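Just so you know, structure 1 and structure 2 below are the same protein chain in two forms, each on its own as structure tokens.
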Structure 1
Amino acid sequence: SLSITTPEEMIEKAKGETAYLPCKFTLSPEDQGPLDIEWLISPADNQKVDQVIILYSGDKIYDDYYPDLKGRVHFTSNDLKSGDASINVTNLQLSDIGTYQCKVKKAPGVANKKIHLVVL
């Protein structure tokens, strides 16, 4: 079935650097629906629901979401549809510490990954 490499991952990077957040996925024969990628963050305020960061949907990128990351998050692959939904986050701030989620869908296939990002 659809799966993602290292579905739980710890990443540490230094303040000011660029974090590479991997989301490399493997499709199965059944996954013949439309590819849909969603990244989310869990806010430091535990009373706030998760927020969307960036999408790949209908072969287009939508990035007008989480204000604190606006302009700093980009898909890294030049061929995302072939299995690479990774993103980077530039000029890391201590406030970027948190859990990031990558959701990869290609109906009926589904998989999710969580990354715990630590900024030093």
Structure 2
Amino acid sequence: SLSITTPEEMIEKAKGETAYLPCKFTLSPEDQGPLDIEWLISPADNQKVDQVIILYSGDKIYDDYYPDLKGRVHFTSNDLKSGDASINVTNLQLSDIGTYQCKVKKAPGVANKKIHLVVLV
């Protein structure tokens, strides 16, 4: 088991600003496997869902590799292993509106949490 301590919440920011989407987690004793973190986006302005935007796996970050939000979504912490899977989305666009899901796995534990993002003109 594994818990994401951030609550599901709605972040509202203005176009062109930076959105911080928190995702902080704690581990249970059996979570001894490799830390794996992913974020997915389900945008409001298209019917595509669960698209990967960022991944931490094998102690490497893959961010711009994923086309959605390329160049604009990055992990905020310099130590993800300390329990901080949060991300920043820079230069917010109206197309960024949607539901973002943080997925944290440290085998065998798994947890997920959704953050809703609204961008204001």
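Between two forms, the rigid core is defined as the largest C-alpha subset superposing within 1.5 Å. Numbering runs along the sequence of structure 1, starting at 1.
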* Could you check whether the CA atom of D45 moves 2 Å or more between structure 1 and structure 2, using the rigid core for the fit? => yes
* On a core-based superposition, does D59 travel 2 Å or more at its Cα between structure 1 and structure 2? -> no
* Examine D68 after superposing the rigid core and state whether its CA is displaced by 2 Å or more between structure 1 and structure 2. => yes
* In Å, how far apart are the CA positions of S28 between structure 1 and structure 2 with the rigid core superposed? -> 1.0
* What's the distance in angstrom the Cα of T6 travels between structure 1 and structure 2, core superposed? -> 2.8
* Once the rigid core is matched, what's the CA displacement of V110 between structure 1 and structure 2 in angstrom? -> 0.5
